[PDB]
Amino acid sequence: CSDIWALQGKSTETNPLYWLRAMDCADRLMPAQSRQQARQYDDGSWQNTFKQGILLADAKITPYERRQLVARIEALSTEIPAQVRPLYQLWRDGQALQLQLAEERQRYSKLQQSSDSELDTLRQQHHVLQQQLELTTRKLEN
Amino acid sequence: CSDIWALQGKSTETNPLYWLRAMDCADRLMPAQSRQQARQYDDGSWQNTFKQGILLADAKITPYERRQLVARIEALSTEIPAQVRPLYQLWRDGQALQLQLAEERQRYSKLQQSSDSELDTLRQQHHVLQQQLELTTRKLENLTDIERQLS
């Protein structure tokens with residue numbers, strides 16, 4: 056696994072077995088090691104961007120980091136060798152669905168926040184309205 | 056792509072490039088074509104069960120159906136060869152996320168319904184008490200003005 060990251064060349068890039076190993080090796084790393092290793096692959100070529108994505112995906116990254124990860128991976132989709140596309144696609148779909156999950160959890164968090172604040176606003180208003188009514192009833196008796 | 060599903064053997068089942076090609080071909084089928092193909096691989100072996108899962112993955116299936124497909128191949132995951140395991144993990148995690156998203160959307164649907172019914176009732180109560188107080192306040196104002204002018 057120590058040797059797989061440095062491999063370059065036409066014969067390596069177009070081999071689905073290479074990228075499968077790379078992804079396998081990344082799963083074996085500790086999240087902190089994945090983040091650190093990904094930093095090496097910032098040249099901007101599709102090969103390094105893909106390698107960076109594979110490593111960065113296994114790190115403890117933020118949802119907005121993954122949003123940016125997904126975007127960079129989608130941008131280079133046309134340069135992915137035809138043989139590798141089905142593997143790339145499967146890995147990308149995995150990153151995409153993790154993003155959707157993060158977005159759904161955010162949606163739920165916004166609904167639970169807004170509903171609670173709206174409910175309690177009404178409950179404070181119910182307290183004022185109830186007392187003001189009973190004060191008014193009292194003043195009518197006087 | 057029509058020939059790919061029929062293959063069997065040690066040279067094929069331990070072949071990551073074979074399963075990759077299968078997943079690729081499954082993408083090029085319509086749900087009706089997927090279902091018909093899946094019906095022919097139901098012997099119960101890990102090979103067939105994996106095939107079925109791949110075919111039925113994008114067959115417009117229910118979350119319950121998805122969970123069953125996942126479950127059948129998961130129960131035989133130890134039999135999957137070392138060369139194929141990394142690819143199986145990718146595919147399973149994709150299905151696992153889909154099941155998690157189905158649960159999440161169901162959770163959101165429940166909170167949406169429950170909160171809307173609780174808010175509607177409380178909004179209705181707020182409107183009623185507003186009108187009540189306004190009618191009572193006006194009465195107080197009116198009656199006070201009469202007594203004050205009298206005094």
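Heads up: the sequence lines are chains A and B, in that order.
Throughout, the entry's author numbering is defined as the position within the first sequence, counted from one, plus 55.
Throughout, the entry's author numbering is defined as the position within the second sequence, counted from one, plus 55.
Heads up, the beta-carbon is just placed ideally off N, CA and C, and yes, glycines get one too.
Under the Cβ criterion of 8 Å, residue 149 (chain A) is counted among the residues facing chain B. Taking C-beta separations shorter than 6 Å and ignoring five residues to either side along the sequence, the partners of residue 92 (chain A) in its chain run 110, following chain order.
At a Cβ-Cβ threshold of 8 Å, residue 141 (chain B) and residue 68 (chain B) do not count as neighbours. Beyond the five residues adjoining it in sequence on each side, residue 76 (chain A) comes within less than 6 Å, by CB distance, of 59 in the same chain, given in chain order. At a cut-off of 8 Å between C-beta atoms, residue 122 (chain A) does not count as an interface residue with respect to chain B. Shown in chain order are the members of the region 65–82 of chain B whose Cβ falls below 7 Å from a Cβ of chain A: 71, 72, 75, 78 and 79. Annotated three-state conformation of residue 161 (chain A) is helix, per DSSP. Residue environment for residue 113 (chain A): buried (at least 16 other C-beta atoms within 10 angstroms of its C-beta). With fewer than 16 other CB atoms across the displayed protein chains lying within 10 angstroms of its CB, residue 204 (chain B) is exposed. Annotated as proximal: residue 147 (chain A) and residue 128 (chain A), with beta-carbon spacing under 8 Å. Neighbours of residue 191 (chain B) across chain A, judged by C-beta separation under 8 Å: 188, 191, 192 and 195.
At the C-beta level, residue 160 (chain A) and residue 159 (chain B) come within 8 Å of one another. Under the 8 Å criterion on CB atoms, residue 129 (chain B) is classed as non-interfacial with respect to chain A. Taking a Cβ-Cβ cut-off of 7 Å, residue 182 (chain A) has no neighbours in chain B, whose nearest Cβ is about 11 Å from it.
Counted as a single uninterrupted DSSP element, the alpha helix (DSSP H) harbouring residue 129 (chain A) occupies residues 118–130.
Taking a contact as a CB-CB distance under 8 Å, the pair residue 152 (chain B) and residue 156 (chain A) counts as one, their CB atoms being some 6 Å apart. Residue 197 (chain B) carries a helical assignment under DSSP once its states are collapsed to helix, strand and coil.
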